[PDB]
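Novice: Here's a structure for you.
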Amino acid sequence: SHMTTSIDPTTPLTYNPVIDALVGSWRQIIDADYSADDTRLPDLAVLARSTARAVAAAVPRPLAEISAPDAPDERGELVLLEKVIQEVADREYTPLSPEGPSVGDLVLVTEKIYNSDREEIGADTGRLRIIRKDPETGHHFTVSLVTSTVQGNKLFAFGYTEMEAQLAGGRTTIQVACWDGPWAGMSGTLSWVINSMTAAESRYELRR
Amino acid sequence: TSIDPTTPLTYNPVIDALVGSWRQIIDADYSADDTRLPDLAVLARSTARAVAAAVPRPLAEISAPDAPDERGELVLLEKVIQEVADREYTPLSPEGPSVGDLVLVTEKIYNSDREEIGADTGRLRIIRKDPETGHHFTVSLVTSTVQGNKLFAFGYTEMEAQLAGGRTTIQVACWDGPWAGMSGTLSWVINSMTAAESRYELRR
C-alpha cells in the first residue's frame with residue numbers, strides 16, 4: 001500500500017467479549033517465552049481444536065438451533081471450499097540465530113487467497129512461533145494464529161504443525177472458526193499442501 | 001462476612017483468559033425476549049477441554065498435530081456430599097426467579113466417609129425462561145478444590161430438572177493436583193435445598 005507492508009500484527013477485535021477472550025488465550029500461546037530447553041508444554045493440538053470449537057460456539061444463533069444441556073455432540077452438514085490457492089504477499093522474520101530456525105523464532109506473514117480463475121477471494125495475516133524442537137527427531141513445531149476473510153467469511157485459525165513435514169510437501173492442517181458471514185458459528189479445518197515456498201493449495205471444511 | 005465473587009487466577013495466562021471468556025458468558029446481558037444465544041452446552045464442554053489442555057505436561061504426553069482424540073483412563077470420585085455453606089441471592093422480582101438473576105454460593109465438600117475433602121464457590125446466572133415449558137436455564141462458573149485437585153466447572157443446565165431431583169451435569173477441568181490436565185463432568189442429584197450427592201468423572 002504505497003509500497004508499505006501489509007502486515008499489521010494486531011488481532012482484529014470482534015467486540016464479542018467471549019470470542020475476544022478465547023482468541024486472546026491462544027495469542028498467549030503464540031507469545032509465550034519458549035526455550036529449546038523446555039521439558040513441559042500444553043497439549044497444543046487439543047487446545048487448538050477446543051479453542052476453535054469454542055469460538056464458533058460463542059457466536060449467537062437462533063434458540064431453536066442450540067444444543068440441549070445434555071445433548072450428545074452433533075455436527076451439521078459439511079461446508080466445503082476447495083481448489084483454493086494461497087500466495088504469500090509479505091513476510092517478516094528476523095532469525096534469533098544465524099545457524100537456522102530456532103525455538104522462539106517469530107514469523108509474520110500475509111497471504112492473498114484466490115479461486116482457480118485467479119480471482120482474489122480473500123486474504124489472511126498469520127503470526128507463527130517456533131514453539132519446540134523435538135529432542136528425538138530434531139523436527140521443529142510451530143503454533144500459529146491466523147486472521148482471514150474468505151468469500152466474505154471472517155475466520156480465526158489456530159494451528160500446531162510440524163515444520164519439516166510441511167516443507168517436504170505434507171498436508172498441513174490448522175483449526176478454523178468463522179465468526180461473521182455465511183459460515184458464522186461454524187468450525188472445522190483449513191488444510192493445505194505447499195506448491196512452493198510462497199504458494200499452496202488449500203481446502204476449508206466447516207460444520208455447525 | 002460474605003462470599004468472595006472474584007474468580008481466582010491460576011497465573012497461567014491461557015487458562016485465565018479461557019476462564020475469563022466463560023465469566024463473560026455469566027455476566028452478559030440476558031433478556032426474556034432474547035431470540036439467539038451462544039451454543040452454551042458446546043461452549044462449556046469446549047472451554048473445559050481447553051482449560052485442561054492448557055496445563056503444561058511432559059513432552060512425550062502431548063498429542064501429535066493430527067492425532068485423533070484419545071482420552072486417558074477414567075478417574076472417578078462418587079458419592080461425594082456437597083453442602084451449602086453460604087448463599088447470596090437478591091431476586092430482581094418478588095414474583096419469582098427472573099432472567100438476569102444472580103446467585104452466589106459456597107459449599108463444603110465431603111467424601112462418602114464424611115471426611116472433608118474441599119470446598120467450592122459458584123456464580124450462577126438465570127439466562128432464559130422457555131416460553132413453551134416455562135422452565136428456566138442457568139449458566140454457572142464454579143471454582144473448587146476437591147481432595148487436592150483445583151477445578152473450574154462450566155455449567156449450562158435446566159433449573160426445574162435439578163429442583164425435581166434429576167441428575168444435573170456440568171463440565172469440569174482440573175488445572176492443578178493429581179488430576180491436572182484432565183477434564184470431564186461433575187454431576188449431582190440434590191437431597192435438599194442445601195445438600196447434594198455428586199460424582200466426578202475425568203480423563204486426560
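Chain labels run A, B, ... following the order of the C-alpha cells; each chain numbers its residues from 1, and ligands are numbered from 1 in the order shown.
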Give me the residues within 9 Å of residue B:120 as a ChimeraX atom specification, counting only C-alpha atoms and dropping any in the same chain fewer than 5 places off.
Specialist: /B:105-109,142-146,151
Novice: For the residues in the current selection, export N, CA and C atoms as a compact mmCIF listing (two decimals), in the first residue's frame.
Specialist:
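Writing the result to selection-v8.txt gives the following:
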```
# COMPACT_ATOMS: atom_id res chain seq x y z
N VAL B 105 -22.81 -18.84 45.70
CA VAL B 105 -22.94 -19.95 46.64
C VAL B 105 -21.56 -20.47 46.97
N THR B 106 -21.37 -20.87 48.21
CA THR B 106 -20.21 -21.65 48.60
C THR B 106 -20.67 -22.97 49.19
N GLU B 107 -19.85 -24.00 49.03
CA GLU B 107 -20.16 -25.30 49.58
C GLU B 107 -18.93 -25.89 50.24
N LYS B 108 -19.16 -26.73 51.23
CA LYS B 108 -18.14 -27.65 51.72
C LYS B 108 -18.35 -29.01 51.08
N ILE B 109 -17.25 -29.71 50.83
CA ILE B 109 -17.26 -30.95 50.06
C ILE B 109 -16.66 -32.06 50.92
N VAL B 142 -17.91 -22.37 38.48
CA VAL B 142 -17.57 -22.88 39.80
C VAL B 142 -16.06 -22.98 39.87
N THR B 143 -15.50 -22.56 41.00
CA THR B 143 -14.10 -22.81 41.31
C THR B 143 -14.06 -23.67 42.56
N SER B 144 -13.26 -24.73 42.54
CA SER B 144 -13.29 -25.64 43.66
C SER B 144 -11.94 -26.28 43.88
N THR B 145 -11.79 -26.85 45.07
CA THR B 145 -10.71 -27.78 45.36
C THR B 145 -11.34 -29.06 45.89
N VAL B 146 -10.96 -30.19 45.30
CA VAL B 146 -11.57 -31.47 45.63
C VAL B 146 -10.44 -32.46 45.86
N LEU B 151 -10.12 -27.15 40.50
CA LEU B 151 -11.04 -27.34 39.39
C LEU B 151 -11.72 -26.03 39.01
```
Novice: If DSSP is run on the backbone, what residues of stretch 18-62 of chain B are alpha helix (DSSP H)? A reply as number ranges by chain would be ideal.
Specialist: B: 18-26, 40-53
Novice: With a distance cut-off of 10 Å and only C-alpha atoms, select the neighbouring residues of residue A:13, excluding the residue or stretch itself and same-chain residues fewer than 6 positions from it, and output the selection as a PyMOL selection string.
Specialist: chain A and resi 19-21+23-24
Novice: Compile the contact shell of residue B:123 as a list in words: residues with an atom at most 8 Å away, counting only C-alpha atoms, same-chain residues fewer than 4 positions apart removed.
Specialist: residues 5, 26, 102, 103, 104, 105, 140, 141 and 142 of chain B
Novice: Only N, CA, C and O atoms, please: the residues just picked out, written as a tab-separated table (two decimals), in the first residue's frame.
Specialist:
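out37.tsv, freshly written:
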```tsv
chain	number	residue	atom	x	y	z
B	5	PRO	N	-16.66	-12.88	45.32
B	5	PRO	CA	-17.13	-13.16	43.96
B	5	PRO	C	-16.04	-13.22	42.90
B	5	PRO	O	-16.34	-13.58	41.75
B	26	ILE	N	-21.30	-15.58	31.90
B	26	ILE	CA	-22.08	-15.47	33.14
B	26	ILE	C	-22.64	-14.06	33.27
B	26	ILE	O	-23.77	-13.86	33.73
B	102	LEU	N	-28.88	-13.43	39.67
B	102	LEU	CA	-27.53	-13.88	40.05
B	102	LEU	C	-27.61	-14.58	41.40
B	102	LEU	O	-28.19	-14.04	42.34
B	103	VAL	N	-27.01	-15.77	41.49
B	103	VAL	CA	-26.87	-16.49	42.76
B	103	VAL	C	-25.39	-16.76	42.99
B	103	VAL	O	-24.69	-17.23	42.08
B	104	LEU	N	-24.92	-16.44	44.19
B	104	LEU	CA	-23.57	-16.80	44.63
B	104	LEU	C	-23.67	-17.84	45.74
B	104	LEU	O	-24.48	-17.69	46.66
B	105	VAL	N	-22.81	-18.84	45.70
B	105	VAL	CA	-22.94	-19.95	46.64
B	105	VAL	C	-21.56	-20.47	46.97
B	105	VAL	O	-20.67	-20.48	46.12
B	140	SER	N	-23.37	-21.36	34.85
B	140	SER	CA	-22.68	-21.33	36.13
B	140	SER	C	-21.18	-21.41	35.90
B	140	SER	O	-20.71	-21.99	34.92
B	141	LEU	N	-20.44	-20.80	36.82
B	141	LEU	CA	-19.00	-20.93	36.87
B	141	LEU	C	-18.65	-21.28	38.31
B	141	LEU	O	-19.07	-20.58	39.24
B	142	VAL	N	-17.91	-22.37	38.48
B	142	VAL	CA	-17.57	-22.88	39.80
B	142	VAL	C	-16.06	-22.98	39.87
B	142	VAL	O	-15.41	-23.38	38.90
```
Novice: Quick one: which residues from chain A are at most 9 Å off chain B, using only C-alpha atoms, as a short mmCIF file (atom, residue, chain, number, x, y, z; two decimals) with C-alpha atoms, in the first residue's frame?
Specialist:
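Once everything was written out, this is part_20.cif:
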```
data_model
loop_
_atom_site.label_atom_id
_atom_site.label_comp_id
_atom_site.auth_asym_id
_atom_site.auth_seq_id
_atom_site.Cartn_x
_atom_site.Cartn_y
_atom_site.Cartn_z
CA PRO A 17 -16.08 -10.32 24.57
CA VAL A 18 -16.31 -14.11 24.77
CA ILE A 19 -14.69 -14.59 21.36
CA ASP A 20 -12.11 -11.88 22.02
CA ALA A 21 -11.04 -13.59 25.26
CA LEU A 22 -10.89 -17.01 23.57
CA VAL A 23 -8.72 -15.68 20.75
CA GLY A 24 -6.65 -13.90 23.38
CA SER A 25 -5.92 -17.17 25.17
CA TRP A 26 -4.35 -18.58 22.01
CA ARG A 27 -2.47 -15.33 21.40
CA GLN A 28 -0.88 -16.05 24.79
CA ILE A 29 0.26 -19.42 23.39
CA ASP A 38 11.58 -26.73 27.73
CA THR A 39 10.50 -30.09 29.14
CA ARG A 40 6.76 -29.37 29.54
CA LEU A 41 4.23 -27.84 27.14
CA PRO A 42 0.43 -27.57 26.88
CA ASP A 43 -1.39 -30.19 24.81
CA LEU A 44 -1.33 -27.80 21.87
CA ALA A 45 -3.20 -29.85 19.26
CA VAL A 46 -6.12 -30.40 21.66
CA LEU A 47 -6.04 -26.76 22.80
CA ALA A 48 -6.18 -25.54 19.20
CA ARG A 49 -9.15 -27.79 18.34
CA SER A 50 -11.07 -26.90 21.52
CA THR A 51 -10.49 -23.17 21.10
CA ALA A 52 -11.79 -23.22 17.52
CA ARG A 53 -14.87 -25.15 18.61
CA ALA A 54 -15.41 -22.66 21.45
CA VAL A 55 -15.04 -19.60 19.23
CA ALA A 56 -17.66 -20.94 16.82
CA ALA A 57 -19.99 -21.86 19.70
CA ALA A 58 -19.70 -18.35 21.14
CA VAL A 59 -21.40 -16.89 18.04
CA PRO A 60 -25.10 -16.45 18.96
CA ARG A 61 -27.57 -18.42 16.88
CA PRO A 62 -31.37 -18.87 16.99
CA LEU A 63 -32.64 -20.58 20.15
CA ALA A 64 -34.10 -23.42 18.08
CA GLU A 65 -30.60 -24.38 16.95
CA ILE A 66 -28.74 -24.53 20.27
CA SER A 67 -27.97 -27.84 21.94
CA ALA A 68 -29.94 -29.03 24.94
CA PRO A 69 -27.80 -29.14 28.13
CA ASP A 70 -27.17 -32.91 27.98
CA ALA A 71 -27.43 -33.49 24.24
CA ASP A 73 -22.24 -33.91 20.28
CA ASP A 134 11.72 -32.43 19.21
CA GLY A 159 -2.50 -24.15 14.38
CA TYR A 160 0.04 -26.53 15.85
CA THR A 161 2.00 -28.08 12.98
CA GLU A 162 5.32 -29.72 12.09
CA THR A 172 -0.75 -29.41 6.93
CA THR A 173 -3.90 -28.72 8.94
CA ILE A 174 -5.00 -25.95 11.32
CA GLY A 185 -20.79 -20.13 14.06
#
```
Novice: In Å, rounded to a single decimal, give me how far atom CA of residue A:84 is from atom CA of residue A:169.
Specialist: 16.4 Å
Novice: Report as a PyMOL selection string all protein, DNA and RNA residues lying within 12 Å of residue B:186, evaluated on only C-alpha atoms, omitting residues in the same chain fewer than 2 positions from it.
Specialist: chain B and resi 45+48+75-80+82+142+144+146+151-155+167-174+183-184+188-189+196-202
